[PDB]
């Protein structure tokens, strides 16, 4: 078909960068992060919507791999929060080992420039996002260390309230959007160059974050509220604020977010959501955020990671221009990451103060006095 050859051409010219894939959690579920001697299975998986052969087949340009861990279920909330931090390092570890062990397929990327170099070398640009601020165990220091480990976006919540923001699916509301610590954290996220992800967060938390952020944000995997009313879908008001923020809504393939009857969800529904957003806030603010492996079964025509060429062709068939399809595929999310870097470099260049954790005093006043007396002793030498 001429439209399919057009789709293949676009997939070679620019990278389709998917916003959110849960394959690392499937590796934890199926292999318990032990991939030694499992190459055959990683290329042809016995479960799930992602493997290395189908990843090649669908011509995907890049991927934000999710380092998700569940919300803590421990009654002792101190243990559970700290446990989630340890589990986050487990998931970041298996993501890096997966990339390290398959360099012909995957190449780690943490920037707009590294996405392009990976794509030009014929690799799936492999980026990392965490899914919920419960994963940092109330530690901004840990957050900066996750950034150093390669994390480039943070979903502010998963399906639990945390100290910083309200999740969409949990009622009643804790903070009524963002907490005071959450508002302060947005400044630090902008300063460090961590992309803000508003998927899973409440409607009000989105509104507040979209007004406060000095850098463009994403919805890594959310769909459109006006086409399907759900707590996880983006309202017209928040789409309007996203436009002003310069951010990108990355349309999700979750059946429950695309249709009232999940079994009726299709490729066409995903395209309707992309076109709705593109028409109303411009095709420079819409992306693709599958959430493959966040579900058992995908929509008809989008069953797994091999199906991306059908989506690209489907957009072209509806009359979306090549230039706008290229934007939706990946240029938009690349721009957001680029602008996130630039805002961080500007704030770091100006010398903005970083947010610091509240620590206990380790020394009493007697120890401090001994130290000051000692310092004066060496001064008099």
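Residue numbers count along the first chain shown, from 1.
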property	result
Between the two ranges 144 to 152 and 223 to 231, the one averaging a larger CA B factor in the entry	223 to 231
Higher-B stretch (mean Cα B-factor, as the entry records it), 251 to 259 or 171 to 179	171 to 179
Among 162, 126, 91, 306 - the residue whose C-alpha B-factor is largest in the record	162
Most elevated Cα B-factor in the entry, residues 67, 331, 60, 354	354
Third of chain Cα B-factors occupied by residue 36	highest
Third of the chain's Cα B-factor distribution that residue 321 belongs to, per the entry	highest
Residue 50, C-alpha B-factor rank within chain (lowest, middle or highest third)	lowest
Third assignment of residue 236 from its chain's C-alpha B-factors	middle
Entry-reported Cα temperature factor of residue 336, expressed as the chain third it lands in	lowest
